[PDB]
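K.L.:
Can you read through this structure? Questions will come right after.
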Amino acid sequence: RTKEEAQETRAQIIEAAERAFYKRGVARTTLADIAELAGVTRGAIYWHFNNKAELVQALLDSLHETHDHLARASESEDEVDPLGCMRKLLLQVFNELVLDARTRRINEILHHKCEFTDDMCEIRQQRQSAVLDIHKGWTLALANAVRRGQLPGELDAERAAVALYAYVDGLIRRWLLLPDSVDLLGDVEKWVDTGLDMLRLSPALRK
Amino acid sequence: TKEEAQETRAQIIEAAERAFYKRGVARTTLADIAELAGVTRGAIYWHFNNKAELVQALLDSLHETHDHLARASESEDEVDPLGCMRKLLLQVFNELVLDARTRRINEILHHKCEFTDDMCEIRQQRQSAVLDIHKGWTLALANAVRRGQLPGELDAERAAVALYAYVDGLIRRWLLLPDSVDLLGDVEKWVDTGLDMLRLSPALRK
Ligand SMILES: [Mg+2]
Ligand SMILES: [Mg+2]
């Protein structure tokens with residue numbers, strides 16, 4: 001069928017884009033390069049994607065799927081243990097980064113093999129949107145945890161969400177750069193609780 | 001003469017910041033930078049063997065302003081090593097927000113510089129630079145432990161990693177979304193939030 005064959009083609013393109021961007025970077029890779037790696041025609045790849053920026057976004061967008069269940073739970077005001085949902089969420093983020101070759105490779109592309117240039121302004125714009133989306137969700141989950149007595153009552157939820165994101169994002173990039181400097185999988189619980197401890201203990205994050 | 005060459009080097013590095021910031025590192029060549037700087041007859045290749053050496057020069061330049069406080073925090077004779085670390089981090093954030101050159105170089109290194117194994121040196125040099133920072137921060141935190149400023153059972157190495165993750169992440173976050181985080185007005189609070197992680201989290205203790 002048309003759709004089944006089209007989904008298969010799009011999937012081949014995306015897998016080849018991961019391979020191309022990881023080895024040679026986003027800047028110098030072309031859609032024609034990716035089509036040759038995927039074994040599809042140039043008419044096919046350009047039918048699925050208009051430019052490289054759309055292929056980068058497809059990889060970026062693919063990262064949230066695994067975590068959607070725990071994210072929504074943490075953000076629900078009816079959830080009785082919102083902080084516990086955040087802890088399970090962060091454990092899953094790190095566990096997937098270490099174990100999944102795809103998650104690791106996409107993260108490496110976004111962090112270390114993809115430049116922000118006004119020649120391709122959409123890459124930076126869409127990164128801004130993704131990070132703001134995460135911020136909005138984490139601010140809600142932290143406020144819920146405050147409401148349930150799991151975090152300090154005077155916590156600045158917004159600054160707390162920024163502090164947590166900084167730590168998590170910085171540890172991901174540090175592990176990608178020096179994977180042997182950090183036993184992210186074996187000590188994963190310790191790395192998660194270090195971040196949460198910052199939020200629930202530091203008086204600098206309170207109003 | 002000696003000053004002619006030191007001037008020419010500075011002209012090149014300043015043009016490299018302009019070229020890398022506009023077009024990124026991957027697609028910028030030493031030839032492009034030379035024309036942008038206006039230095040002729042192959043002079044740029046006298047100063048830099050390749051583009052990765054130029055990139056390292058930009059990164060190396062970030063350590064200069066903080067060297068006094070970094071060396072102090074690491075000295076065994078320093079009686080206030082954690083206070084040195086606080087002053088170090090305050091200055092890092094103050095310079096990042098206030099200094100156009102520091103901000104632009106950080107944006108280049110964080111957001112406009114690909115690691116490609118055709119240019120394997122860029123990644124390798126970044127690894128060595130972050131390992132150097134980690135060695136120094138581990139020593140400064142160990143000094144703070146010795147001086148009773150941090151918990152005796154602190155895992156100095158993991159604490160240095162945790163602090164770096166936070167600082168590095170906060171810099172990148174501010175570069176991406178500067179209007180979200182008043183890094184300058186609230187600088188003391190952003191610093192103390194990270195230091196509080198080390199002072200208070202039982203998860204960083206051995
Ligand atoms: Mg996933
Ligand atoms: Mg400086």
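All residue names refer to the structure tokens as shown: chains lettered A, B, ... in order, residues numbered from 1 in each chain, ligands numbered from 1 in order.
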Report as a ChimeraX atom specification which protein, DNA and RNA residues come within 9 Å of ligand 1, using only C-alpha atoms and all ligand atoms.

P.N.:
/A:62-67,93,96-97,100,102-103

K.L.:
Which residues sit within 12 Å of ligand 2, counting only C-alpha atoms and all ligand atoms, listed as a VMD selection string?

P.N.:
chain B and resid 58 to 68 88 91 to 106

K.L.:
Deliver the residues from the most recent selection as a file, using C-alpha atoms, as a PDB file, in the first residue's frame.

P.N.:
ATOM      1  CA  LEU B  58      39.828  30.669  21.081  1.00  0.00           C
ATOM      2  CA  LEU B  59      39.077  28.130  23.821  1.00  0.00           C
ATOM      3  CA  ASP B  60      42.448  28.629  25.521  1.00  0.00           C
ATOM      4  CA  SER B  61      41.740  32.370  25.649  1.00  0.00           C
ATOM      5  CA  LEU B  62      38.753  31.780  27.946  1.00  0.00           C
ATOM      6  CA  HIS B  63      40.967  30.603  30.827  1.00  0.00           C
ATOM      7  CA  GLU B  64      43.104  33.753  30.969  1.00  0.00           C
ATOM      8  CA  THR B  65      40.827  36.007  33.012  1.00  0.00           C
ATOM      9  CA  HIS B  66      40.115  33.351  35.661  1.00  0.00           C
ATOM     10  CA  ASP B  67      43.661  32.008  36.065  1.00  0.00           C
ATOM     11  CA  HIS B  68      44.374  33.953  39.263  1.00  0.00           C
ATOM     12  CA  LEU B  88      35.662  32.161  40.245  1.00  0.00           C
ATOM     13  CA  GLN B  91      33.429  36.035  37.492  1.00  0.00           C
ATOM     14  CA  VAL B  92      32.686  33.355  34.889  1.00  0.00           C
ATOM     15  CA  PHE B  93      29.011  34.354  34.765  1.00  0.00           C
ATOM     16  CA  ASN B  94      29.749  38.085  35.051  1.00  0.00           C
ATOM     17  CA  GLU B  95      32.186  37.923  32.139  1.00  0.00           C
ATOM     18  CA  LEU B  96      29.839  35.776  30.049  1.00  0.00           C
ATOM     19  CA  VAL B  97      26.989  38.275  30.325  1.00  0.00           C
ATOM     20  CA  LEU B  98      29.072  41.458  30.169  1.00  0.00           C
ATOM     21  CA  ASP B  99      31.869  40.636  27.692  1.00  0.00           C
ATOM     22  CA  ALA B 100      30.984  40.485  23.998  1.00  0.00           C
ATOM     23  CA  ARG B 101      34.102  38.455  23.181  1.00  0.00           C
ATOM     24  CA  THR B 102      33.561  35.832  25.894  1.00  0.00           C
ATOM     25  CA  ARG B 103      29.896  35.470  24.928  1.00  0.00           C
ATOM     26  CA  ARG B 104      30.645  35.081  21.219  1.00  0.00           C
ATOM     27  CA  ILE B 105      33.443  32.573  21.818  1.00  0.00           C
ATOM     28  CA  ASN B 106      31.199  30.521  24.108  1.00  0.00           C
TER      29      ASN B 106
END

K.L.:
So how many Å separate CA of residue 31 (chain A) and CA of residue 18 (chain B), to one decimal?

P.N.:
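These two atoms are separated by 28.2 Å.
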
K.L.:
Could you give me, as number ranges by chain, the residues within 7 Å of region 192-203 of chain B, counting only C-alpha atoms and dropping anything in the same chain fewer than 3 positions from it?

P.N.:
A: 190, 193-194, 197-198, 201-202, 204-205; B: 150-151, 159, 163, 166, 188-189

K.L.:
Write out the residues from the selection above, keeping N, CA, C and O atoms, as a CSV table (one decimal), in the first residue's frame.

P.N.:
chain,number,residue,atom,x,y,z
A,190,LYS,N,22.4,7.8,42.0
A,190,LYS,CA,23.1,8.9,42.6
A,190,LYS,C,23.1,10.2,41.8
A,190,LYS,O,23.1,11.3,42.3
A,193,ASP,N,19.6,11.8,42.1
A,193,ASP,CA,19.3,12.4,43.4
A,193,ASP,C,20.2,13.6,43.7
A,193,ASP,O,19.8,14.5,44.4
A,194,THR,N,21.4,13.6,43.1
A,194,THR,CA,22.2,14.8,43.2
A,194,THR,C,21.4,16.0,42.7
A,194,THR,O,21.4,17.1,43.3
A,197,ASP,N,18.3,16.8,44.9
A,197,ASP,CA,18.7,17.3,46.2
A,197,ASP,C,19.0,18.8,46.0
A,197,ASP,O,18.7,19.6,47.0
A,198,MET,N,19.5,19.3,44.9
A,198,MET,CA,19.8,20.7,44.7
A,198,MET,C,18.5,21.5,44.8
A,198,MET,O,18.4,22.5,45.5
A,201,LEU,N,16.8,21.3,48.6
A,201,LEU,CA,17.6,21.7,49.8
A,201,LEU,C,18.2,23.1,49.6
A,201,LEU,O,18.3,23.8,50.6
A,202,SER,N,18.5,23.6,48.4
A,202,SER,CA,19.2,24.8,48.3
A,202,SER,C,18.3,26.0,48.6
A,202,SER,O,17.3,26.2,47.9
A,204,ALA,N,18.9,29.0,48.1
A,204,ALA,CA,19.0,30.0,47.0
A,204,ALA,C,17.9,29.8,45.9
A,204,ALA,O,17.6,30.7,45.2
A,205,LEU,N,17.2,28.6,45.9
A,205,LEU,CA,16.1,28.4,45.0
A,205,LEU,C,14.8,28.7,45.6
A,205,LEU,O,13.8,28.4,45.0
B,150,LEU,N,33.6,22.0,53.1
B,150,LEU,CA,32.7,21.0,52.5
B,150,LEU,C,32.7,19.7,53.3
B,150,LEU,O,33.6,19.5,54.1
B,151,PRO,N,31.7,18.9,53.2
B,151,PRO,CA,31.6,17.7,54.0
B,151,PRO,C,32.8,16.8,53.9
B,151,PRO,O,33.4,16.6,52.8
B,159,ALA,N,31.6,15.4,42.8
B,159,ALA,CA,31.2,16.7,43.1
B,159,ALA,C,31.7,17.7,42.0
B,159,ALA,O,30.9,18.6,41.6
B,163,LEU,N,29.2,19.9,39.6
B,163,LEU,CA,29.3,21.3,39.5
B,163,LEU,C,29.5,21.7,38.0
B,163,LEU,O,28.9,22.7,37.5
B,166,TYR,N,26.3,21.5,36.0
B,166,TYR,CA,25.4,22.6,36.2
B,166,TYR,C,25.9,23.9,35.6
B,166,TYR,O,25.2,24.6,34.9
B,188,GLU,N,24.5,35.9,42.1
B,188,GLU,CA,24.9,35.3,43.3
B,188,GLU,C,24.0,34.1,43.6
B,188,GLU,O,24.5,33.1,44.1
B,189,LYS,N,22.7,34.2,43.3
B,189,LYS,CA,21.8,33.0,43.5
B,189,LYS,C,22.1,31.9,42.6
B,189,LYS,O,22.1,30.7,43.0

K.L.:
Name the residues in contact with residue 90 (chain A) at a cut-off of 10 Å, using only C-alpha atoms, excluding same-chain residues fewer than 5 positions from it; report them as a VMD selection string.

P.N.:
chain A and resid 67 70 to 71 84 to 85 95 to 96 168 188 to 189 191 to 193 195 to 196

K.L.:
Quick one: residues within 7 Å of region 111-127 of chain B, only C-alpha atoms counted, chain neighbours fewer than 2 positions away excluded, as number ranges by chain?

P.N.:
A: 23-25, 112-116, 177-178; B: 21, 24-26, 52, 107-109, 129-131

K.L.:
Can you tell me, as a list in words, what residues are no more than 7 Å from residue 173 (chain B) when counting only C-alpha atoms, ignoring any on the same chain fewer than 4 positions away?

P.N.:
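So the residues in contact are residues 166 of chain A; 169 and 177 of chain B.
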
K.L.:
Have a look at B:73, B:205, B:172, B:161 and name the one nearest to residue 143 (chain B); count only C-alpha atoms.

P.N.:
B:73

K.L.:
For residue 138 (chain B), find every residue with an atom within 9 Å (counting only C-alpha atoms), except residues of its own chain fewer than 2 positions away, and show them as a list in words.

P.N.:
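With the cut-off at 9 Å, the set is residues 74, 133, 134, 135, 136, 140, 141, 142, 143, 156, 157, 158, 159, 160 and 161 of chain B.
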
K.L.:
Taking into account only C-alpha atoms, which residue in the set A:47, A:94, A:138, A:22 is nearest to chain B?

P.N.:
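So, comparing all the options, the nearest one is A:22.
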
K.L.:
In Å to one decimal, how far is CA of residue 109 (chain A) from CA of residue 182 (chain A)?

P.N.:
20.1 Å

K.L.:
Tell me which of A:187, A:203, A:176, A:13 sits closest to residue 106 (chain A), counting only C-alpha atoms.

P.N.:
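Counting only C-alpha atoms, the residue closest to residue 106 (chain A) is A:176.
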
K.L.:
Just the number, please: distance in Å from CA of residue 181 (chain A) to CA of residue 164 (chain B), one decimal.

P.N.:
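About the pair CA of residue 181 (chain A) and CA of residue 164 (chain B): they are 12.6 Å apart.
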
K.L.:
Taking into account only C-alpha atoms, which residue in the set A:26, A:59, A:99, A:145 is nearest to chain B?

P.N.:
A:26

K.L.:
My list of candidates is B:146, B:37, B:54, B:27. Which is closest to chain A when distances are computed with only C-alpha atoms?

P.N.:
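The answer is B:27, which sits nearest to chain A.
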
K.L.:
Using only C-alpha atoms, can you tell me which of B:32, B:77, B:168, B:132 comes closest to residue 147 (chain B)?

P.N.:
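Smallest separation from residue 147 (chain B) among the options: B:77.
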
K.L.:
Run DSSP on the backbone and tell me which residues of region 46-162 of chain B come out as alpha helix (DSSP H); list them as a ChimeraX atom specification.

P.N.:
/B:46-47,51-60,67-74,81-98,100-111,120-146,156-162

K.L.:
Limited to C-alpha atoms, could you put the picked residues into a file as a short mmCIF file (atom, residue, chain, number, x, y, z; two decimals), in the first residue's frame?

P.N.:
data_model
loop_
_atom_site.label_atom_id
_atom_site.label_comp_id
_atom_site.auth_asym_id
_atom_site.auth_seq_id
_atom_site.Cartn_x
_atom_site.Cartn_y
_atom_site.Cartn_z
CA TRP B 46 52.69 30.75 9.81
CA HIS B 47 50.57 31.33 12.92
CA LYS B 51 41.78 25.20 11.75
CA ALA B 52 41.67 23.05 14.90
CA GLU B 53 44.68 24.94 16.27
CA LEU B 54 42.80 28.20 15.73
CA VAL B 55 39.74 26.80 17.51
CA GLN B 56 41.94 25.77 20.45
CA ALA B 57 43.35 29.31 20.60
CA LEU B 58 39.83 30.67 21.08
CA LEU B 59 39.08 28.13 23.82
CA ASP B 60 42.45 28.63 25.52
CA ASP B 67 43.66 32.01 36.06
CA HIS B 68 44.37 33.95 39.26
CA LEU B 69 41.30 32.61 41.08
CA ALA B 70 41.69 29.09 39.67
CA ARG B 71 45.31 28.79 40.83
CA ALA B 72 44.34 30.16 44.24
CA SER B 73 41.50 27.67 44.75
CA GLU B 74 43.97 24.88 43.92
CA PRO B 81 39.49 27.57 48.63
CA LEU B 82 35.69 27.42 48.45
CA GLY B 83 35.54 31.21 48.62
CA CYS B 84 37.95 31.29 45.68
CA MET B 85 35.64 28.91 43.81
CA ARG B 86 32.66 31.15 44.52
CA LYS B 87 34.54 34.21 43.25
CA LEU B 88 35.66 32.16 40.24
CA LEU B 89 32.10 31.22 39.31
CA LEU B 90 30.78 34.74 39.90
CA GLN B 91 33.43 36.03 37.49
CA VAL B 92 32.69 33.36 34.89
CA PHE B 93 29.01 34.35 34.77
CA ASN B 94 29.75 38.09 35.05
CA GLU B 95 32.19 37.92 32.14
CA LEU B 96 29.84 35.78 30.05
CA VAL B 97 26.99 38.27 30.33
CA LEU B 98 29.07 41.46 30.17
CA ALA B 100 30.98 40.49 24.00
CA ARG B 101 34.10 38.46 23.18
CA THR B 102 33.56 35.83 25.89
CA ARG B 103 29.90 35.47 24.93
CA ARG B 104 30.65 35.08 21.22
CA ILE B 105 33.44 32.57 21.82
CA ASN B 106 31.20 30.52 24.11
CA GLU B 107 28.45 30.56 21.47
CA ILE B 108 30.98 29.33 18.90
CA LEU B 109 32.23 26.48 21.08
CA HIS B 110 28.79 25.46 22.34
CA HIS B 111 26.61 25.96 19.27
CA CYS B 120 39.38 14.63 14.94
CA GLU B 121 41.47 17.18 16.84
CA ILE B 122 38.51 19.40 17.77
CA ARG B 123 36.89 16.67 19.87
CA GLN B 124 40.22 15.46 21.28
CA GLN B 125 41.19 19.00 22.31
CA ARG B 126 37.81 19.56 23.95
CA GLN B 127 38.23 16.33 25.92
CA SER B 128 41.67 17.39 27.19
CA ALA B 129 40.40 20.87 28.11
CA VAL B 130 37.43 19.59 30.12
CA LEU B 131 39.63 16.99 31.81
CA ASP B 132 42.02 19.79 32.79
CA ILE B 133 39.14 21.77 34.31
CA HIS B 134 37.99 18.65 36.16
CA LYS B 135 41.46 17.96 37.58
CA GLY B 136 41.62 21.52 38.89
CA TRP B 137 38.10 21.57 40.31
CA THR B 138 38.65 18.20 41.99
CA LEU B 139 41.71 19.66 43.72
CA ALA B 140 39.89 22.84 44.76
CA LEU B 141 37.00 20.88 46.26
CA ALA B 142 39.42 18.50 48.00
CA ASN B 143 41.15 21.58 49.43
CA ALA B 144 37.75 22.83 50.62
CA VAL B 145 37.11 19.47 52.29
CA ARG B 146 40.51 19.65 54.00
CA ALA B 156 35.43 15.23 45.36
CA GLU B 157 35.48 13.80 41.83
CA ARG B 158 31.71 13.32 41.50
CA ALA B 159 31.18 16.74 43.08
CA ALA B 160 33.43 18.36 40.48
CA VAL B 161 31.50 16.60 37.71
CA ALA B 162 28.17 17.71 39.20
#
